[PDB]
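1. I would like to see how this sequence folds:
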Amino acid sequence: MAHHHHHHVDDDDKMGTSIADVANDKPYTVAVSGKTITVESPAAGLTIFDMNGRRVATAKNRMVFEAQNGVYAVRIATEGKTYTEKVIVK
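-> Numbering: from 1, shown residues only. Next up is the structure itself:
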């Protein structure tokens, strides 16, 4: 097809993502779906904290928990820099 040319992206340094072209090299992956909290991070200690910051759930690498309304705080600790995200479900 010489009429159109597509630019497919490969591994090793993203060439273009639909989520901030200057913020896709993150060593983790956060995803929320309604009342489901999914966090994937190859080799990393995950620990979810409820509104009161109390340990409500704990897992490693991949995690999946059905939480209800309320603010949360998922701490993704990776070898190098410990990140701290929050899940706000309304």
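2. Tell me who's in contact with the residue nearest to the spatial centre of the chain.
-> Taking C-alpha atoms, centre = their mean, the centroid of the chain lies closest to residue 30, which sits 1.7 Å from it. With contacts defined as C-beta atoms under 8 Å, 6 or more residues apart in numbering, the neighbours of residue 30 are 38, 39, 74, 85, 87. All C-beta atoms are positioned from the backbone trio N, CA, C, and that covers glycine.
3. longest strand of this protein?
-> Selection of the longest strand in the chain by residue count, based on DSSP state E, yields strand 36-49.
4. What strands flank the helix or strand following that one, and is each parallel or antiparallel?
-> Reading on from strand 36-49 to the C-terminus, the next helix or strand found by DSSP states H and E is strand 55-66. Next to strand 55-66 in the sheet, as set by DSSP bridges, lie strand 36-49 (antiparallel).
5. So which residues make contact with the partner strand?
-> Contact with strand 36-49 is made by 27-32, 55-67, 72-79, 85, 87, 89, as judged by C-beta under 8 Å, 6+ apart.
6. Restricted to buried residues, select these in PyMOL.
-> Selection of buried members from these for PyMOL, criterion 16 or more other C-beta atoms under 10 Å:
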select buried, resi 28+30+56+57+63+65+67+72+73+74+75+76+77+78+87
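7. related to what we said a few turns ago, got the contacts of residue 30 as a markdown table, with distance to residue 11 columns?
-> What follows is these, written out as a markdown table (distance: C-beta to C-beta, whole Å):
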| residue | distance to residue 11 |
| --- | --- |
| 38 | 22 |
| 39 | 21 |
| 74 | 26 |
| 85 | 24 |
| 87 | 28 |
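8. which two in those are spaced the farthest apart?
-> With distance counted by C-beta to C-beta, no two of the contacts of residue 30 lie farther apart than 38 and 85, which are 12.0 Å apart.
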